[PDB]
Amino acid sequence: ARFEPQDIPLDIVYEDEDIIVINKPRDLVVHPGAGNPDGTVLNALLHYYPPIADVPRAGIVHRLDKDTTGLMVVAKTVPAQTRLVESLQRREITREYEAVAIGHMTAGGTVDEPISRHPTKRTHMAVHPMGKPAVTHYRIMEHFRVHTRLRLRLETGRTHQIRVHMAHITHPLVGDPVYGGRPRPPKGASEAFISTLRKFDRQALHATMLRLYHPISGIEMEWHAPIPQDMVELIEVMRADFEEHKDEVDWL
């Protein structure tokens, strides 16, 4: 019926009788919708494992934005999807992210502020007392001159949660076309740094680790998806920049 199977390759990190874990690339929408009638992960799943059509929403139980990269777990069976959905309702699935945010941040922390649709900018979400409760925990992994590398964990999983929470505290993600502004390279940034930053055109956000109790066996399982090349390049040039500006002697 409606949604058709499409020959769209998926990077399957792990698969067993009950679940499939994939590492989703950028430019790939998870579920069909306005402006995205097809060419989604759902379409890819129908093609890869047709029996998944007997599972609600092709076994899709959580999502990532079109241009967010990384891990997602999909149910292959009805029992598996009901349990996985329950696990999410109970906030028992660990979803960790690596991100690069604008600005020098000095401390890790928690953003606990509700989220709802921006009333005016229909492409945006917003922090609002009346929104759905949302909690994001974040740690600073590394300092750059005017950017910061973070690792975040989702307690709740609302729409654009990490992107809107980070923007809320004044540190939107690098490359975010919605919450971010124009790139701002630090004074004296190398040409390599300036252009790599300027050309980075998606939220610098990656679903890096996923841990859960297997829906059928109960065994705790954990997966990791390597930081994608675009972000590797971004982080490495920012790192080289910070080091180069450190106040230390260059021994010959």
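In case it trips you up, residue 1 is the first one in the sequence shown, and so on.
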Checklist outcome for this item: Assert higher mean C-alpha B factor (182-190 or 222-230, deposited values) equals 182-190
Next on the checklist: On mean Cα temperature factor in this entry, is 132-140 or 68-76 the higher one?
Outcome noted: 132-140
Next on the checklist: Using only modelled residues of the chain, where does the Cα B factor of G59 rank: lowest third, middle third or highest third?
Outcome noted: middle
Item to check | For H147, the third of its chain into which the C-alpha B factor falls | outcome: lowest
Checklist entry - How does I102 rank on Cα B-factor within its chain, lowest, middle or highest third? => result middle
Checklist outcome for this item: Entry-reported C-alpha B-factor of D18 relative to its chain, by third, is lowest
Next on the checklist: Ranking the modelled residues of this chain by C-alpha B-factor as given in the entry, is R163 in the lowest, middle or highest third?
Outcome noted: lowest
